[PDB]
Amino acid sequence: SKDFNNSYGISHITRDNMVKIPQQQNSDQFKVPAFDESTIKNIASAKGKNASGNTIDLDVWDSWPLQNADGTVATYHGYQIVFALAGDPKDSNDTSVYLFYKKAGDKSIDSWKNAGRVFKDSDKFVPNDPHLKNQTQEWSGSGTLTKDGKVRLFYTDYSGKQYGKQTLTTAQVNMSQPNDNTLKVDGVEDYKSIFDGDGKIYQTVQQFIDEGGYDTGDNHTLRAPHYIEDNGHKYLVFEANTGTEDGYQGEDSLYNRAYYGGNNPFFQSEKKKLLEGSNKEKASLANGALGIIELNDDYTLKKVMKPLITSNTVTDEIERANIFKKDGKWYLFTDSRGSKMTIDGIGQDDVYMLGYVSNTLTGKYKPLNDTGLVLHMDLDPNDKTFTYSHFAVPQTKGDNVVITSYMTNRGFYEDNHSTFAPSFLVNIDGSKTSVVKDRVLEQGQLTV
C-alpha cells in the first residue's frame, strides 16, 4: 500500500477538518440551544393501536415536513403536514410512518392532529415489487407536494430479516377532508421500491452479507431519501456508503490523501496514528456517503450518479441527508454521531450537524465554518432535553433556517416520550452559519 490521492471526482469530509472540531465546537455559534425542560410536552395526538387493539401513547422520533420542491414548507389545503416515525416505546423494532397535521396559522404542539399511519400492514403485499414483502420497519425520508397537488412520500424500507437491508421507496398518499378540521388518509398508490444500491457506486446489502455481515463491524446504510428538484430534473439525496469503484472501504483507503486534507506532514502523522491505534479497523471500514440518483417523472430510477460527498476513514454513518438551494448555491447537510467517528477528541456524547456548499448540484462541496461544523449537541442520552435528527428547513423569506429535531430518547422515560423538540433558528450567510441566540420556537414549529 502506497500513498496516493484520488478524489473519485467527488467531495470528502476530511480528517484535517474533523480534528479541529473538538477545539471549535464549544461556542454559542454552533451549540444546540439549551431547552426549557419543565415545559416539554408529548404530542397529545400521537396515539396508535397495537395488534391487541389497545391504544398506546407513542414515541415520535425522526420527522420531516411536507415540502415544496424548493424545500420550503408546503401548505396542503390549509394545513402543514409532518411525517414522523412512531411506535410503542416498549418495542424498539416497532417503527411506522405516521402523518401529523396542523392548520397553517396554528403554532402550539397541542394543535398537531394525527391522521394515523400512512400505511396498513397489508399495503406492502399489494404491488408487484422485489422488496416490499420483506419490509419489517418503515424508516425516514421526505415528502413533496407535487405541482399537480399530490402528496408524494419517500421513505426507507428496512428489512430486519434480510440482514438490515434498506431500500429507497415511494408512494402517493391519497387524502380527503371529511370536515373543517380533519385530514384523512384514504389510502396509497404508486407504491414501489426505487433503489437498493448497485455495488460499484453504492454498497449493497449483498456486499454486507458476503463480507460476513454483523460480526465484521461494517455498517451498511441506504436510507433517508431527500427529494429535490433542479431546473427540470428530479433527484433523491440519501445516506449510503461507497461501492467498489468510487473509493471503497478497505485498509488501502487509509493511504488516500483525499480523505485527510491538510498537507503531507499531517497526512503522514495522522496515517501513522490511525495505523498504530485502535481506530484502524473502524477507519478502514468507514465509507459513508451522501448519494444521489435522478428519477423519472413517475418516480422510477433514471440514473445512478456518483455521490455528492463521502466520509471515508471518518465514519460509516452520515445521516439525515438534507439539501436545498439558498442564495444561488446548494447547501448540503448531514447528521453524525461522534460515537461512530474515528477522530481524536470527538467522544461518545458528541452529536453534530455538518454542512457544505457548492455552486452546482454535483460540483465541489466546500465546508461551512471552515471545518464543516454547523450544530453541536453533547447532552447525555439520559437528559430529558436530549435532541437528535436535527434538520434544516428553508424558509420563504430571510437568511434564517428553522431547525427541527426530536427530543428525548426512545423508551427512556415512563411519561416523557420522544416528541417534537422546540424548533430554533440558524443563520446562513455565504460559507458561515450561526445559531440565533435569543429566539426559541414552539415544539415542532416549521415556519416563522
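Residue positions are given as counts along the sequence shown, with the first one as 1.
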query	finding
Mean C-alpha B-factor comparison - 205-213 and 139-147, higher one	205-213
Given 437-445 and 4-12, the range whose Cα B-factors average higher in the PDB entry	437-445
Residue, from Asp186, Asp190, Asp335, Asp196, that the PDB entry assigns the highest Cα B-factor	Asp186
Most elevated Cα B-factor in the entry, residues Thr313, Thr310, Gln162, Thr244	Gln162
Lowest, middle or highest third - CA B-factor, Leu379	middle
Ranked C-alpha temperature factor of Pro130 among modelled chain residues, by third	middle
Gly398 - Cα temperature factor, lowest/middle/highest third of chain	highest
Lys329 by Cα B-factor - lowest, middle or highest third of the modelled chain	middle
CA B-factor placement of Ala51, once the chain's modelled residues are sorted into thirds	highest
